[PDB]
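Overview (structure and organization)
Given next are the chains, with one letter for each unit.
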Amino acid sequence: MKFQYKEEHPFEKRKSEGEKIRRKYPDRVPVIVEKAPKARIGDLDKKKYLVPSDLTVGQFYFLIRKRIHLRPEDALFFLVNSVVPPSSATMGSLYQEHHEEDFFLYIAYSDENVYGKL
């Protein structure tokens, strides 16, 4: 999918910011989080996150659930390079495996239709 953060910031600006963040704050990782366009769930206020490396996917899910008012029976999944990471994974481990050449990790969030209609 197309991330709006990329449309609004050219590669060299993104890469400069990403490299700076990583040099200045090596204990955290910069993450862009955007809603998959077809997902019928709420939008997050903020797209750009600087999270401690050991924050887990499940902990990020819980934070998002509170912010967009999801109930436990509502589904919520992250999609990183077309795969859904396990809730136990840390954001630092995903960053190390999947960060793009601008030194950001890009995460899409969706509902149960993350792969297409369930």
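Residues numbered from 1 in each chain as written, not as in the entry; some residues may be left out. Heavy atoms only, no water.

X-ray crystallography is the method the PDB entry states for this structure, with the resolution given as 1.60 Å.

Next up on the list: helix 3 (residues 57–67). Within the sequence span of helix 3, burial applies to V57, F60, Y61, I64 and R65. Along the long axis of helix 3, the arc covered by the buried residues comes to 145°, so they all point the same way. Relative to its buried face, helix 3 has exposed residues pointing more than 90 degrees away, namely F62 and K66. Elements in contact with the buried residues of helix 3: strand 1 (28–35), strand 2 (48–52), strand 3 (77–79) and helix 4 (91–98). One or two steps after helix 3, the chain reaches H69, where phi turns positive at roughly 65°. (Buried < 20%, exposed > 50% of the residue type's maximum accessible area, 1.4 Å probe, protein only. Helix = DSSP H or I, 4+ residues; strand = E, 2+ residues; numbered from the N terminus. Arc of directions from axis to C-beta. Contact = heavy atoms within 4.5 Å.)

As a further point, take the packing of aromatic side chains. Tallied over the entire structure, the rule returns six aromatic pairs. Ring centres of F3 and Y106 lie 5.1 Å apart, and the angle between their planes is 70°; this geometry places the pair in the edge-to-face category. Highlighted residues: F3 in the segment before helix 1 (4–8) and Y106 in strand 4 (residues 105–110), separated in sequence by 103 residues. Taken together, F3, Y5, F104 and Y106 form an aromatic cluster joined through their ring pairs. Across from the ring centre of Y106, 4.8 Å away, lies the NZ or CZ of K6, which sits over that ring. In this arrangement the basic side chain of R28 is found over the ring face of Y25, its NZ or CZ atom lying 4.1 Å from the centre. (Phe/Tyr/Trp six-rings, centres within 6.5 Å; stacked < 30°, edge-to-face > 60°. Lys NZ or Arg CZ within 6 Å of the ring centre and 35° of its normal.)

Only one face of strand 2 is buried, namely the one carrying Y49 and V51, since none of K48, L50 and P52 on the opposite face is buried. In this structure, strand 1 lies alongside strand 2, joined through five bridges in antiparallel fashion. By the bridge assignment for strand 2, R28 is matched with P52. (Pairing = 2+ DSSP bridges.)

Another aspect to go through is the sheet that holds strand 2. Spatially, 2-1-4-3 is the arrangement adopted by the four strands of the open sheet, whose pairing is mixed. In this open sheet, the two edge strands, each paired with only one partner strand, are strand 2 and strand 3. In this sheet, adjacent strand axes meet at a mean angle of 40° when their direction is disregarded. Contacting strand 1, strand 2 and strand 4, helix 2 (residues 11–24) crosses the sheet at an angle of about 140° to strand 1. Contacting strand 1, strand 2 and strand 3, helix 3 crosses the sheet at an angle of about 120° to strand 3. (Axes fitted to C-alpha atoms, helices over the stretch in contact; angles between N-to-C directions.)

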